[PDB]
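> Pasting an experimental structure, sequence included:
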Amino acid sequence: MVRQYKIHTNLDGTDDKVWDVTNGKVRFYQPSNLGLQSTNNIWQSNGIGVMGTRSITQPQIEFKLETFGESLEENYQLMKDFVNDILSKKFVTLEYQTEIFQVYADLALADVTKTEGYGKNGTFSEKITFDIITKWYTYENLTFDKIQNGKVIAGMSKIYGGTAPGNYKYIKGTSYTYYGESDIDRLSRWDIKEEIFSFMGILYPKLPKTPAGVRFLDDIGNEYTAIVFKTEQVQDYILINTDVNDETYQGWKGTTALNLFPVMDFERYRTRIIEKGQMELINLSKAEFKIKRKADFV
Amino acid sequence: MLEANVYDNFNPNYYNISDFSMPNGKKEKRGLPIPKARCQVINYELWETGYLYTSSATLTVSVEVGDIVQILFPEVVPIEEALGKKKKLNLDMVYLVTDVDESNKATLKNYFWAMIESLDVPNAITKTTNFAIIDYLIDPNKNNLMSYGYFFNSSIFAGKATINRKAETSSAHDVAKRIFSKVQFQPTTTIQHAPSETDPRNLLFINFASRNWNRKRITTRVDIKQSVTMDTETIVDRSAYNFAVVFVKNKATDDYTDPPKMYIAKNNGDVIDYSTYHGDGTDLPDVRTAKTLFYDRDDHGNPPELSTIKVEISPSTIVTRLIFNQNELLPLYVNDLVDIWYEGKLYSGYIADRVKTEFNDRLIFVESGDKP
Amino acid sequence: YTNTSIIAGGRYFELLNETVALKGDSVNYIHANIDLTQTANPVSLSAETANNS
Ligand SMILES: [Ca+2]
């Protein structure tokens, strides 16, 4: 029904800590602006209007930080905790949730205020300003699609049936349609329908010393970028994060974490921006993907 | 902040004298003094070699023009001075104060380039190997600033020295720049206590050594996110008007009465007469840069050689420079041979400089050229 | 170090699948560091710039 705001220390990560700024002890109220400012570069010559390129500018969100605590000790402990937790991580992801959507914004602490105007049992009523890194993006699960063989029908499918030594008839419209393909289980498509900007993939390699990773193809079947690694031993999994702010390319074997950046193929990795098409798995047995895609206004 | 040691000018008119009595009894050169004041360098832009820009930093103590500033880092750099011999050297950034403003912001010039100042070198010295030029340039008997020793990687400066234009007298700055471009190396000045435990002197040396004696080429990628600055440099000086309207003076009139002969440079590098061309324009340049040249007939009377005209219309070394943030996934330090991938294009060269600022850590990449 | 036993200063210790990070295009000097005050874990490994024995 009502909206939900949730501050995350590290989303997409094991060391995550979530603060409910809607229901918890420390709450965010009356956001300054959730919209957007656009600058279209319009120049008019003799009454006729010419439009350039629109630079969609995102403005600082200023909240109304309010703590609810049983004692003065409790609210001072809340301010020291919530702020340090935002300061501890270089950037904090604010989740925007409503009946219809679940968007996210990457924020950086711009300004926080601490004053001595306490209410009852020493309760804070302050202004918390944030700088926009990325405004509104959808964090969703990306999975491959499987292809299944069509059913075999007498007269419709290519088979030599009925009276010996078989018969298939050329009709008009119904004629002969191939049932499927021998070993249809080989075909798998990791479909990309809209342009994505960053992702958190968990890749499980097959063979050691053979380049292992992912490659991306466009609408015409041409490779534009590829994250691939040539390791000496089989890693249990290669944890990759394409996020610009905290780029991670690490391999895991047992309880040991290895940085795989120098072993990576630098020539194939041309871009981070993934375009409309499909994704292929190079020397991978299994893969788990989480795709984050931007939305200007939500 | 960083720690800074402020010393008065390392005057070679004082420190070059070999009157200091060593503990054994021997008479050696005067050692460097103790810092007149220990301060902290703040609001800084500090380069490692000073390849392109001059350093600038505000200092807590009121330093004056001439003073030497030694910026300290709690880390160590291992230089390979011999094939197997690697020595424990402390990280230092040594500069000379060139000017201080009202707000005590000092303009710092890298010690080496401030040492080889006003020094001129004739073509005669440049005829030998690069070792001979380095041994000439680094001398406390000649230089404006005091020098004690030089560390140099023999393999990188083993090659024959670059050929000088017109065989003229060049400045120590121009020759060093020309040499450092071909060898793909940059110098770093370092203050460190004498190697022997008996010798108690603090000394200043120039570094031409690397972490690897036999330097290896690295292959890396530079993303647009690292605030990349692309600009084109020129290593070799060659002329810019690719087309030449050449005039030849008539012997009988002692005048330029005869019409001109036009010469065009092909994409391959060869120079032909424009009239002789029979092609489709694919082998010719995309833009015609032109100049009018006047020549005087030789004593023999023959027209000037095609080759002599060719040198004047010949292309200059178009080189790409990349300044970007330090990647912690694959760190790139100064004096490293690298092959950088940027926006789908491969650029090959070395890391010339490194800026140690309060906000970022950046690198200057210089594409050495020599691609085909 | 899959399985490597080391006796440094007469003190025996085993390295069982202990991985140590390295510096790119550099000669890394792997050191065995013993600090008796660190009663929980006295032995620690470090890849360094030079032989700091
Ligand atoms: Ca993260």
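Alright, I've got the coordinates. Residues are numbered from 1 along each chain as shown, chains lettered A, B, ... in the order given.
> and residue A:121, what are its phi and psi?
In terms of degrees, to the nearest 10, the main-chain angles of residue A:121 are phi 60, psi 30.
> give the contact list for whatever residue of the stretch 151-298 of chain A ends up closest to chain C.
Using CB to the nearest CB, the single residue of the stretch 151-298 of chain A nearest to chain C is residue A:256, 4.7 Å away. Quick note: C-beta positions are derived from backbone N, CA and C, even for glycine. Each residue near residue A:256 by CB atoms under 8 Å, 6 or more residues apart in numbering or on different chains is listed here: C:17, C:19.
> Any figure for the gap between it and residue A:206?
In this view, residue A:256 and residue A:206 are 20 Å apart by CB to CB, to the nearest Å.
> Give me every residue in chain A lying close to chain C.
Taking CB under 8 Å from any CB of the partner chain as the criterion, chain A approaches chain C at residues A:254, A:256, A:258, A:259, A:262.
> Now restrict the residues you listed to buried residues only.
The neighbour-count test (16 or more other CB atoms under 10 Å in any protein chain shown) marks A:258, A:262 as buried among those.
> Filter the residues of chain A next to chain C down to just the ones in strands.
Counting by DSSP state E, the residues of chain A next to chain C place A:256, A:258, A:259 in strands.
> Please name the bridge partners of the first one.
With DSSP bridges as the criterion, residue A:256 is bridged to residue A:253.
> gap between it and the ion?
Here residue A:256 is placed at a distance of 21 Å from the ion (CB to the ion, to the nearest Å).
> For residue A:237, see how far away that residue is.
From residue A:256 across to residue A:237, the span is 12 Å (CB to CB).
> residues touching residue A:144, list them.
Contacts for residue A:144 (CB under 8 Å, 6+ apart) come out as A:188, A:189, A:190, A:287.
> Kindly provide the distance from the nearest residue to the first one once chain neighbours are set aside to residue A:281.
Setting aside the residues directly before and after it, residue A:188 is nearest to residue A:144 in space (CB to CB, 6 or more residues apart in numbering or on different chains), at 4.8 Å. Summarising the geometry, the distance separating residue A:144 from residue A:281, computed by CB to CB, is 8 Å.
> what's the answer for residue B:306, then?
The gap separating residue B:306 from residue A:281 is 60 Å, by CB to CB.
> These two: who's more crowded?
The neighbour count for residue B:306 versus residue A:281, taken as other CB atoms under 10 Å in any protein chain shown, is higher for residue A:281 (19 against 12).
> Surely that one touches residue A:216?
No: using CB atoms under 8 Å, residue A:281 is not in contact with residue A:216, being 11.1 Å away.
> ok, back up a step: separation between the residue of the stretch 151-298 of chain A closest to chain C and residue A:250?
Distance of residue A:256 to residue A:250, computed by CB to CB: 10 Å.
> now swap in residue B:312 and tell me
With CB to CB as the criterion, residue B:312 and residue A:250 are 56 Å apart.
> Check residue B:45 too.
Taking CB to CB, one finds residue B:45 at 33 Å from residue A:250.
> do residue B:169 as well
57 Å.
> Residue B:123 too?
In terms of CB to CB, residue B:123 sits 56 Å off from residue A:250.
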